């Protein structure tokens, strides 16, 4: 087993509600609409496509993916799984899902938490447009 870590940055937005029941998302886009209830971070310093190639290779295989979200007064941890069919090539977004549905934005499937489940302190900071630190931890088998 190997373990890889990576941290990216983003910020909250006044329109963040984090009410989505099956996913949560971070985007490089700077603005979000009033109906984007799955977005918890904007102006991300990374899209799923810009993550390190070594990490993208580790995630896309038969692997565990964990995300830790942090703001000055908020914190939460989400645990999910990778999958051999994840392409991690969307140019602007990073999405974590509770289902096993896969698209180019998907970083994790069968997650234990969606936006809906996130820490209230975290959402409060995000709604104030505060900085968000996103850490991705992948534990995987070297040969696949």
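Residue numbers count along the first chain shown, from 1.
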Handout entry: Deposited but uncoordinated residues in the residue 62/residue 63 interval
Key = 1 to 3
Practice task
Look up the CA B-factors in the entry and say which stretch, 14-22 or 117-125, has the higher mean.
Solution key: 14-22
Exercise for the section: Going by the average Cα B-factor in the PDB entry, point out whether 106-114 or 45-53 comes out higher. Expected result: 45-53
Problem - Per the PDB entry, maximal CA B factor within 40, 58, 94, 32 - result: 32
Completion exercise
The third of the chain into which the C-alpha temperature factor of residue 83 falls is the lowest
Completion exercise
Sorting the chain's modelled residues by C-alpha B-factor and splitting them into thirds places residue 98 in the middle
Fill in the blank from the handout: residue 8: CA temperature factor from the record, placed by chain third, in the middle
Exercise for the section: Could you look up the Cα B-factor of residue 36 in the entry and say which third of the chain it sits in: lowest, middle or highest? Expected result: highest
